[PDB]
Amino acid sequence: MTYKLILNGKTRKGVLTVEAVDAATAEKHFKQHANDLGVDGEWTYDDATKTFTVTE
Ligand SMILES: [Cl-]
Ligand SMILES: [Cl-]
Ligand SMILES: [Zn+2]
Ligand SMILES: [Zn+2]
């Protein structure tokens, strides 16, 4: 499935997507991105849109 990431960092914002066999695979992918970009925050998921948000 294709999953989305909304970046709501204090300094750094965007929307990334990733196709992954399951949500856990996509989400580990997306956490790696927030980590490497220097965005650390609270995470929440919206099942109906397959969209994670990270809010710093
Ligand atoms: Cl797919
Ligand atoms: Cl990506
Ligand atoms: Zn897929
Ligand atoms: Zn990626």
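Counting begins at 1 with the first residue of the sequence. All ligand and atom numbering here is 1-based and tracks the order in the structure.
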Under 3.5 Å: donor-acceptor pair, side chain of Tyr3, backbone of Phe52: no
Atom of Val18, atom of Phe30 and distance for their closest heavy-atom approach: CG1-CZ, 3.2 Å
N, O or S atoms of the protein lying under 2.8 Å from the Zn ion (ligand 3): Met1 N, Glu19 OE2
Whether over 12 other heavy atoms sit under 6.0 Å from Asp40 CG: no
Pairs touching residues 5-32 that satisfy salt bridge (charged side-chain N to carboxylate O under 4.0 Å, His left out), sequence neighbours left out: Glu27-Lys31
Heavy-atom side-chain contact between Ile6 and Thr51 under 4.5 Å: yes
Evaluation steps, side chain to side chain contact (heavy atoms under 4.5 Å, CB included), between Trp43 and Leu5: CA-CA 10 Å; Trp43 283 63; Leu5 177 67; 3.8 Å; yes
Atom nearest to the Zn ion (ligand 4) - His29, N, O or S atoms considered: NE2
